[PDB]
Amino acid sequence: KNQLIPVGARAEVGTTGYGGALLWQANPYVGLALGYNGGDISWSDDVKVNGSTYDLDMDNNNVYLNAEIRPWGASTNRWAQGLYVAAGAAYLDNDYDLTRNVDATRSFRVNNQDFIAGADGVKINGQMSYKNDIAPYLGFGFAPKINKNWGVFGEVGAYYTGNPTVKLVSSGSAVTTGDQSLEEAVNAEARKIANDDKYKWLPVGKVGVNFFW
């Protein structure tokens, strides 16, 4: 068979958007996925959690190329054959815009300090963007085949992106007994995101369907 010809394709939905990939298989152990994840969703819910409401906007525009390594690639066992480690890289462009609306008189926590929203309530808005011409990726996947023609998968990994760009702002007044004012607590949180090790990785979870011709 010709190495340059893909063996199949997949459709996927996950935390970095939806889309899919073309798939090549060099041998039972080593394969390649070239994909796009994009789109943009707006989850504006209304279910109150403890007096707060959250609104999430997300815009994605990612292109990725992964090697997939299957340690049990030649197995006829469907669970074993489906297990893989993904290593590769991607062009990343991801914007998150999260807004927390705190009801009047309700408590909420910012930078490990408790606050209580005043009579007019409190709004906290966060904008956070991951943009990388090329970011390395490592992940692990489980892609059991249902038969020779199709299957389903899940994949979890992370891109090493460095800290994202971040802008956090609050509106409204709050009472507190902690060390920081609301404004400082908010800026403290912006600073953690811009600087802590934890935020130098963009975690990824996706699920989807594989098709094989």
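For every residue, the number given is its place in the sequence shown, counted from 1.
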{"item": "202 to 210 set against 1 to 9, stretch whose average Cα temperature factor tops the other in the entry", "value": "1 to 9"}
{"item": "Of 46 to 54 and 145 to 153, the one with larger mean CA B-factor", "value": "46 to 54"}
{"item": "Residue with maximal Cα B-factor (values as given in the PDB entry) among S75, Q113, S107, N132", "value": "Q113"}
{"item": "Identity of residue with top Cα B-factor, from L182, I41, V30, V63", "value": "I41"}
{"item": "For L23, the third of its chain into which the C-alpha B factor falls", "value": "lowest"}
{"item": "Chain-relative CA temperature factor third for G118", "value": "middle"}
{"item": "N187 - which third its CA temperature factor falls in, relative to the rest of the chain", "value": "middle"}
{"item": "Third assignment of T176 from its chain's C-alpha B-factors", "value": "middle"}
